[PDB]
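# Topology and contacts: notes
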Amino acid sequence: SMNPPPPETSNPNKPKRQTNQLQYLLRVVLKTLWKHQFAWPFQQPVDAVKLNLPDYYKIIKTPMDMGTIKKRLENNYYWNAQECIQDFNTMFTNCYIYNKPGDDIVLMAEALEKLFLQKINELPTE
Ligand SMILES: O=C(Nc1ccc(C(F)(F)F)cc1)Nc1ccc(S(=O)(=O)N2CCC[C@H]2CN2CCOCC2)cc1
């Protein structure tokens, strides 16, 4: 059993831009979600070997997690805030598609997503 390589977090050819919106996504959004009691399943790429989920990467073809987002924000990977917001939305959607309603992991993702959406609604103006 094998995990895929993680999503890209370093690419010297990709143009980068530090924006006040991206700064908010790191210092407010990511740091708040990271400390949440339900953050732990989402703090690193899904380890389908360790978690005995051998079909995970057969079903989920755009994996994303907050460990990768944290690296992308701290290492200035992005050009705009929308790219980072899409990463969070992908992470949540993966969990909803792979698991079933009623699963504890889905209740955890739903709690984090409610927090995320509240914070995104207060994304500062550029
Ligand atoms: O599936 C999704 N989204 C989603 C799916 C597919 C796609 C796709 F990619 F296809 F487009 C995109 C997004 N979300 C979600 C589903 C069930 C629960 S639930 O089972 O936990 N449950 C039942 C109803 C609400 C909840 C009860 N909550 C208890 C605590 O108080 C608040 C409500 C939680 C979240």
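Residues numbered from 1 in each chain as written, not as in the entry; some residues may be left out. Heavy atoms only, no water.

- As deposited, the entry is annotated with X-ray crystallography as its determination method and 1.4300 Å as its resolution.

- Under the PDB entry, the protein chain has the name Bromodomain-containing protein 4 and belongs to Homo sapiens.
- Its official PDB title, as written in the record, is "Crystal Structure of the first bromodomain of human BRD4 in complex with the inhibitor ZL0590".

### Some thoughts on the nonpolar core
- In this structure, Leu25, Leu73 and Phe88 are the most contacted members of the largest nonpolar core, which totals 27 residues.
- Elements represented by at least two residues in this core include exactly helix 1 (20-34), helix 3 (66-74), helix 4 (81-98) and helix 5 (104-120).
- Setting aside residues up to four positions removed in sequence, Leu73 forms contacts with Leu22, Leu25, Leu26, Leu30, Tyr78 and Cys84.
- By size, the runner-up hydrophobic cluster in this structure holds 5 residues, among which are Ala48, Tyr56, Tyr57 and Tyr98. (Core = buried A, V, L, I, M, F, W, Y, C linked by side-chain atoms within 4.5 Å. Buried < 20%, exposed > 50% of the residue type's maximum accessible area, 1.4 Å probe, protein only. Helix = DSSP H or I, 4+ residues; strand = E, 2+ residues; numbered from the N terminus. Contact = heavy atoms within 4.5 Å.)

### Looking at the site of the ligand
- Around the ligand, the surrounding shell consists of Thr93, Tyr96, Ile97, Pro101, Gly102, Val106, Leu107 and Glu110.
- At 2.7 Å from an oxygen atom of the ligand is found a main-chain nitrogen or oxygen belonging to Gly102.
- Between the ligand and the protein, one listed contact pairs a nitrogen atom with a side-chain N or O atom of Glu110 at 2.8 Å.
- Looking at the shell around the ligand, the elements that each hand over two or more residues are helix 4 and helix 5.
- When grouped by side-chain class, the residues that make up the shell around the ligand number 5 nonpolar, 2 polar and 1 charged. (Near = heavy atom within 4 Å. Polar contact = N/O pair within 3.5 Å; in protein donor to acceptor, adjacent residues only side chain to side chain. Nonpolar A, V, L, I, M, F, W, Y, C, P; charged D, E, K, R; others polar.)

### Examining the layout of surface pockets
- There is about 370 Å³ of room inside the largest pocket.
- Residue lining of the largest pocket: 18 residues in total, with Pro41, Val46, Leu51, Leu53 and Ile105 positioned closest to the centre.
- In terms of residue count, helix 4 provides more of the lining of the largest pocket than any other element does, 4 residues in total. (1 Å grid on protein atoms, 1.4 Å probe; cavity = no way out; pocket = protein on both sides within 12 Å on 5 of 7 lines; lining within 4 Å. Points joined across faces, edges and corners; volume = space filled by probe spheres on them.)

### Comments concerning helix 5
- In this model helix 5 runs 24 Å from its N-terminal to its C-terminal C-alpha over 17 residues, within 8% of the 24 Å that 1.5 Å per residue would give.
- Those residues of helix 5 that fall on the buried side of the exposure criterion are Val106, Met108, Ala109, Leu112, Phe116, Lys119 and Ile120. One face of helix 5 carries all of its buried residues, which in axial projection span an arc of 150 degrees. Opposite the buried face of helix 5, by more than 90 degrees, sit the exposed residues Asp104 and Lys114. (Expected span 1.5 Å × (residues − 1). Arc of directions from axis to C-beta.)

### Some points on empty space enclosed by the protein
- Taken as a whole and assessed by the stated rule, the structure comprises 1 cavity of 30 Å³ or more.
- Considered as a void within the structure, the largest cavity measures approximately 30 Å³ in volume.
- Looking at the largest cavity, the residues that line it are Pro7, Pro45, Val46, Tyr57, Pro63, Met64 and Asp65.
- Grouping the amino acids of the lining of the largest cavity by side-chain chemistry returns 6 nonpolar, no polar and 1 charged.

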